[PDB]
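Read the structure below first, then the notes.
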Amino acid sequence: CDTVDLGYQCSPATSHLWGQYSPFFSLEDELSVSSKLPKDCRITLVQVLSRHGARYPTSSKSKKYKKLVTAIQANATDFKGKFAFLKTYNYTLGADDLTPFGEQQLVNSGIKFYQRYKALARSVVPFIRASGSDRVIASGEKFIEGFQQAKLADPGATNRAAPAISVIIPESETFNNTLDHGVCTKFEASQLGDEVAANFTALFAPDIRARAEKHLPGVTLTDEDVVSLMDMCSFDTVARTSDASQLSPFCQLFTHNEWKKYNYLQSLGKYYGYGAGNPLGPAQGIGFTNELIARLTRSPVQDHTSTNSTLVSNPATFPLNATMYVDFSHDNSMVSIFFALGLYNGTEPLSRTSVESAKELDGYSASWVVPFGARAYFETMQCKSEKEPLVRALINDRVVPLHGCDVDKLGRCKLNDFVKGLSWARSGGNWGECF
Ligand SMILES: *[C@@H]1O[C@H](CO)[C@@H](O)[C@H](O)[C@H]1NC(C)=O
Ligand SMILES: *[C@@H]1O[C@H](CO)[C@@H](O)[C@H](O)[C@H]1NC(C)=O
Ligand SMILES: *[C@@H]1O[C@H](CO)[C@@H](O)[C@H](O)[C@H]1NC(C)=O
Ligand SMILES: *[C@@H]1O[C@H](CO)[C@@H](O)[C@H](O)[C@H]1NC(C)=O
């Protein structure tokens with residue numbers, strides 16, 4: 001179902017509408033131009049930013065799902081219509097760990113990274129960092145596995161040493177980690193994304209709750225139960241087979257229009273939790289943004305947010321000359337980073353109460369931006385055409401037109417204008433409000 005080049009295309013009317021629980025699917029050419037390498041240009045540097053793949057529910061959530069499925073089964077006198085599978089369903093999901101399907105998504109990602117940048121990757125060993133989370137590090141290892149599988153099959157590859165994960169960045173309230181958030185005190189106390197997501201759930205779920213209970217005489221459901229049954233559709237699909245070849249029976253319980261609501265619920269939680277809807281959301285992406293400026297311009301980092309000044313000034317942990325960089329982060333920090341880079345500056349603040357599509361929001365949704373296995377590529381290229389370098393940004397293969405600089409028809413800016421137009425992050429935005 002899952003392809004190396006295009007990601008997951010099984011039951012796309014449903015599987016592309018699970019927000020950050022959607023398996024990655026390519027958005028090449030959706031509301032965008034081709035992602036192909038322009039004629040007469042050569043990539044000179046690529047940064048990849050990736051999430052982990054599909055996983056089991058967290059321990060917390062696995063207990064809540066198992067307690068709900070168990071309670072329905074305990075209490076119902078009849079399992080009616082599309083809910084009748086619950087008669088025999090056995091809750092079998094594990095917790096926390098990547099699923100086999102999620103591991104393969106990351107092997108695929110590495111193969112796809114090699115194939116897309118083959119002319120560069122042939123002679124280069126990427127510099128790789130991972131935020132210190134087992135799922136993230138495991139994803140980094142699978143991406144390396146796929147990259148090497150591809151490289152050692154290419155007779156034009158000249159430097160075939162495998163890359164190591166060189167930097168594991170601790171995750172805590174006191175470690176400055178640009179790939180995870182933790183040190184911005186006031187932001188860690190924020191409840192806004194939760195409050196927005198709960199308000200929206202309380203608006204859309206009641207009608208589904210009422211219809212669902214009536215298919216299960218003896219059962220009482222809540223709004224949160226609706227959300228848990230919808231969550232079950234993605235989690236059971238990405239666990240129940242090693243290739244996610246079978247849509248879970250939970251999925252049919254809900255209509256296509258209801259799936260659009262659930263997708264929106266996830267987009268709202270990310271937008272108001274971590275993106276521009278949170279007053280300190282984009283501030284969590286300034287540290288990586290300044291790290292990216294340093295790499296693209298081969299110049300030392302200027303940052304006073306969540307960089308570590310020690311780690312950024314040593315070539316062992318932050319080389320400025322490496323041609324390929326790959327960093328493994330998290331969905332929530334990746335949303336902050338994309339906002340901090342200005343990439344969704346055509347997105348108006350999302351309606352807290354009513355569905356707006358990814359295309360209405362100029363390419364923003366949780367499923368188009370941080371699906372399981374999400375990746376972004378930030379390229380510099382040197383053209384026979386042009387001659388300052390040019391920069392381009394791809395998020396899950398969609399060319400996302402840059403803001404803060406005048407973009408050409410291929411969505412590129414001159415590198416110097418790009419970095420100058422990142423004035424908000426270069427200034428440290430409103431980081432001082434953290435304290
Ligand atoms: C910065 O990195 C150094 C060297 O790893 C570490 O000892 C120090 O605790 C880090 N400080 C912060 C605040 O991240
Ligand atoms: C949640 O809805 C209440 C009830 O109308 C409203 O007062 C509140 O401002 C909403 N909260 C958020 C964060 O939008
Ligand atoms: C860590 O972050 C806090 C700034 O947000 C800062 O005061 C401190 O200097 C930074 N420490 C290091 C080692 O970068
Ligand atoms: C995005 O818009 C914000 C809010 O107007 C602005 O502060 C920021 O500089 C913009 N970012 C870019 C890269 O243009």
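Each chain of the structure tokens is named A, B, ... in the order shown, its residues numbered from 1; ligands are numbered from 1 in display order.
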Who sits within 12 Å of residue 176 in chain A, only C-alpha atoms, same chain under 2 positions skipped, as a PyMOL selection string: chain A and resi 131+169-174+178-184+284+286-288+303-312
Keeping C-alpha atoms for every residue in the selection just given, could you write it to a file as an mmCIF file, in the first residue's frame?
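Result file selection08.cif:
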data_model
loop_
_atom_site.group_PDB
_atom_site.id
_atom_site.type_symbol
_atom_site.label_atom_id
_atom_site.label_comp_id
_atom_site.auth_asym_id
_atom_site.auth_seq_id
_atom_site.Cartn_x
_atom_site.Cartn_y
_atom_site.Cartn_z
ATOM 1 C CA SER A 131 16.135 14.013 19.671
ATOM 2 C CA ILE A 169 19.842 15.498 22.137
ATOM 3 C CA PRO A 170 18.406 15.052 25.649
ATOM 4 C CA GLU A 171 14.749 15.760 26.203
ATOM 5 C CA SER A 172 14.093 17.605 29.529
ATOM 6 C CA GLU A 173 12.982 20.884 31.040
ATOM 7 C CA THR A 174 16.579 22.016 31.292
ATOM 8 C CA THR A 178 16.048 22.560 19.105
ATOM 9 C CA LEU A 179 14.383 19.300 18.028
ATOM 10 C CA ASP A 180 11.984 19.094 20.978
ATOM 11 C CA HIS A 181 10.430 21.780 23.176
ATOM 12 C CA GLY A 182 10.877 21.857 26.955
ATOM 13 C CA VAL A 183 12.651 24.922 28.336
ATOM 14 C CA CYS A 184 10.142 27.707 27.546
ATOM 15 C CA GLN A 284 9.568 26.737 19.945
ATOM 16 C CA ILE A 286 13.224 29.514 16.379
ATOM 17 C CA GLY A 287 16.258 27.482 17.617
ATOM 18 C CA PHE A 288 16.132 25.039 14.746
ATOM 19 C CA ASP A 303 20.542 32.238 18.503
ATOM 20 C CA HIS A 304 19.452 32.787 22.134
ATOM 21 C CA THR A 305 16.400 30.539 22.393
ATOM 22 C CA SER A 306 16.697 26.737 22.514
ATOM 23 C CA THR A 307 20.105 26.202 20.926
ATOM 24 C CA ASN A 308 22.920 24.894 23.108
ATOM 25 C CA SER A 309 25.907 27.352 22.704
ATOM 26 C CA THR A 310 28.365 24.639 23.407
ATOM 27 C CA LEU A 311 27.014 22.133 20.965
ATOM 28 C CA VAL A 312 26.677 24.646 18.138
#
Sorted by chain and rising residue number, which residues of range 244-348 of chain A lie within 10 Å of range 21-27 of chain A, and what are their closest atom pairs and distances in Å to one decimal, counting only C-alpha atoms, as CSV?
residue,atom,partner,partner_atom,distance
A:244,CA,A:23,CA,9.4
A:263,CA,A:22,CA,9.1
A:266,CA,A:21,CA,8.8
DSSP-assigned strand (DSSP E or B) members of range 111-205 of chain A, reported as an NGL selection string: :A and (127-131 or 165-169)
Same residues, C-alpha atoms, output as a compact mmCIF listing (two decimals), in the first residue's frame:
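Done, and the output landed in result_34.txt:
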# COMPACT_ATOMS: atom_id res chain seq x y z
CA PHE A 127 25.46 14.36 9.38
CA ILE A 128 22.65 12.99 11.52
CA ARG A 129 21.13 14.04 14.85
CA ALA A 130 18.17 12.64 16.86
CA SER A 131 16.14 14.01 19.67
CA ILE A 165 23.70 9.14 14.56
CA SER A 166 26.32 11.59 15.78
CA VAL A 167 24.23 13.57 18.39
CA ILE A 168 21.51 12.36 20.67
CA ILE A 169 19.84 15.50 22.14
Can you write out as a tab-separated table which residues of chain A fall within 10 Å of ligand 2, alongside each residue's closest atom pair and its distance in Å to one decimal, counting only C-alpha atoms and all ligand atoms and ordering rows by chain and ascending residue number?
residue	atom	partner	partner_atom_place_in_ligand_line	distance
A:191	CA	ligand 2	13 (C)	8.1
A:192	CA	ligand 2	13 (C)	5.3
A:193	CA	ligand 2	13 (C)	7.3
A:194	CA	ligand 2	13 (C)	7.8
A:195	CA	ligand 2	13 (C)	4.7
A:196	CA	ligand 2	13 (C)	4.6
A:197	CA	ligand 2	13 (C)	8.3
A:198	CA	ligand 2	1 (C)	7.6
A:199	CA	ligand 2	1 (C)	4.9
A:200	CA	ligand 2	1 (C)	8.1
A:202	CA	ligand 2	2 (O)	9.0
A:203	CA	ligand 2	2 (O)	9.5
A:272	CA	ligand 2	13 (C)	8.7
A:351	CA	ligand 2	14 (O)	9.7
A:352	CA	ligand 2	14 (O)	6.5
A:353	CA	ligand 2	14 (O)	8.6
Where does DSSP see helix (DSSP H, G or I) in range 333-384 of chain A, if you list the residues as a tab-separated table (two decimals) with C-alpha atoms, in the first residue's frame?
chain	number	residue	atom	x	y	z
A	333	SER	CA	8.29	20.71	17.30
A	334	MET	CA	8.14	20.30	13.49
A	335	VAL	CA	4.88	22.30	13.42
A	336	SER	CA	6.57	25.06	15.50
A	337	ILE	CA	9.56	25.06	13.19
A	338	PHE	CA	7.48	25.30	10.02
A	339	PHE	CA	5.63	28.31	11.47
A	340	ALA	CA	8.78	29.93	12.71
A	366	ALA	CA	-1.93	17.94	10.44
A	367	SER	CA	-2.10	15.16	7.79
A	368	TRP	CA	-0.38	17.32	5.05
A	369	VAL	CA	2.30	18.62	7.50
Shell of 7 Å around range 393-400 of chain A, only C-alpha atoms, local chain residues under 5 positions omitted, as JSON, numbers by chain: {"A": [26, 27, 28, 29, 30, 32, 33, 35, 343, 369, 374, 375, 376, 377, 378, 379, 411]}
Best match for closeness to ligand 1 among A:317, A:357, A:296, A:217, counting only C-alpha atoms and all ligand atoms: A:317
Pairwise distance for CA of residue 218 in chain A and CA of residue 85 in chain A, rounded to one decimal in Å: 16.4 Å
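Taking CA of residue 408 in chain A and CA of residue 290 in chain A as endpoints, the distance between them is 23.4 Å.
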